[PDB]
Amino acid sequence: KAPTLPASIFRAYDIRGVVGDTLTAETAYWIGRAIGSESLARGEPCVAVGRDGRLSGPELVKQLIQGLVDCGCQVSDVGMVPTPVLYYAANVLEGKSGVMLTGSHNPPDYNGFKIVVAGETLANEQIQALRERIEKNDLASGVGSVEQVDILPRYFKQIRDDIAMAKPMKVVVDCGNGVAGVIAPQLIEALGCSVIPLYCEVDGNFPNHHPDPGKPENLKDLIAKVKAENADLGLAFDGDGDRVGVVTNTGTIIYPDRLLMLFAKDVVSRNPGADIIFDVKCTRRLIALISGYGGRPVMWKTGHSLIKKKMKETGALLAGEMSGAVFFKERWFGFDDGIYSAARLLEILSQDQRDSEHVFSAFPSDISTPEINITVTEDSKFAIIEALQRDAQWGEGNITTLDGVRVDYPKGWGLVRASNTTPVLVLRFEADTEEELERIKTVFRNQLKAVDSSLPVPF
């Protein structure tokens, strides 16, 4: 008989809560019981378990493991590793199920779970099903096992064996005191680089900057060090290693959709007609670029589980999100992995005589706004999107409603979507000229005001 857990920690692509508040030891135990039960129902008793470098790790993980064991599961405990290393374990060990205890890039007090059951990364109704299992006491009982597995050397060797760097490179590596520090600098050195480490000590206090390369302020130290040491590239990993941020030898921030251009060109060169996936926040230039090299561009929803699901459904060889998650299936396993993506980036760059600044600057660049945020209310945020979906007029724009409202015009595009976690509307605009940009911003401004003439529109 299980206690009542807070419904709110069961999110779209993970479970996440505040340790000792909405996420306790008991909470973790029953989460383990729910996952092990679902894994057994899909014919999979074997479950890998990994944890990131958070302070609550070594001890919340005990409850997660005991929960799985009390279902009768055979647990492979891989210890403290990056998230993509846990995903790797769940591809190469006996079982195709895995649980990663991680709070990703959040402040120190947060922790949570990313879940793969019988090959499938859970999302949405599948995660609410785990919650429903606990509420209903619909849970397996058994006497399981625990085996310690040391998987990091095998992962390290798998990548080193696959990657062939052509010239030596000097690379600044910023791990933000997250778990990527267990492997990224060592691996990049082993590839044939000189590595200048920044915040590579694992420290769940995050005493420097939080490991979140999605926010440019967290790249300041990296940019400064790249310039100061005349390095060829700078790399920044998020806390659990599934995302990577890139800066050139001159300190230019390379956004994930532009990084995906380089990877798409590379993957499609070996794989005529390959599907390539990108999310609704990515530049329209990526559509044309994938098409021109003979690939099949596929736009999809944001969210790691949803990308991986779409990968399996389409046979796509590569995917990327604007979050910085890059998903290689070609030569790899199809999951998001910042470390492997860094390695694949270094392989390509090592083969070009130009510096990283010039490799990236050669791609088409349009006029783009930064990401625009409008604070609305929790009551109104989804309804504003729905009102637009019902009644907005966009001329000849090609409308995509996969995730908010995106409109593609011949020479530019715009997106508005509701944040899943904050009372905020998130917008982006791009076009090839200033005049066209103003036209696109105006259509979106007019359509929002048609919903509510009192909405703040700061553009």
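The numbering used is simple: start at 1 and walk along the sequence shown.
Asks: Between 300-308 and 205-213, which has the higher average C-alpha B-factor in the PDB entry?
Replies: According to the entry, 205-213 carries the higher average C-alpha B-factor.
Asks: Which is higher in the entry, the mean Cα B factor of 189-197 or that of 241-249?
Replies: According to the PDB entry, the answer is 189-197.
Asks: Which is it among 379, 266, 257, 347: the one with the largest CA B-factor in the entry?
Replies: Of the candidates given, the C-alpha B-factor peaks at 379.
Asks: Quick one: which of 331, 154, 284, 136 has the biggest Cα B-factor according to the entry?
Replies: That would be 136.
Asks: Divide the modelled residues of the chain into thirds by Cα B-factor and specify which third, lowest, middle or highest, holds residue 360.
Replies: For residue 360, whose C-alpha B-factor we compare with every modelled residue in the chain, the answer is the middle third.
Asks: Going by the recorded CA B-factors, say which third of the chain residue 168 sits in, lowest, middle or highest.
Replies: Highest third.
Asks: Among the chain's modelled residues, which third holds the C-alpha B-factor of residue 91?
Replies: As the PDB entry reports it, the C-alpha B-factor of residue 91 lands in the middle third of its chain.
Asks: For the chain shown, is the CA B-factor of residue 390 in the lowest, middle or highest third of its modelled residues?
Replies: Within its chain, residue 390 is a highest-third residue by C-alpha B-factor, going by the deposited values.
Asks: Among the modelled residues of this chain, does the Cα B factor of residue 295 put it in the lowest, middle or highest third?
Replies: It falls in the bottom third of the chain.
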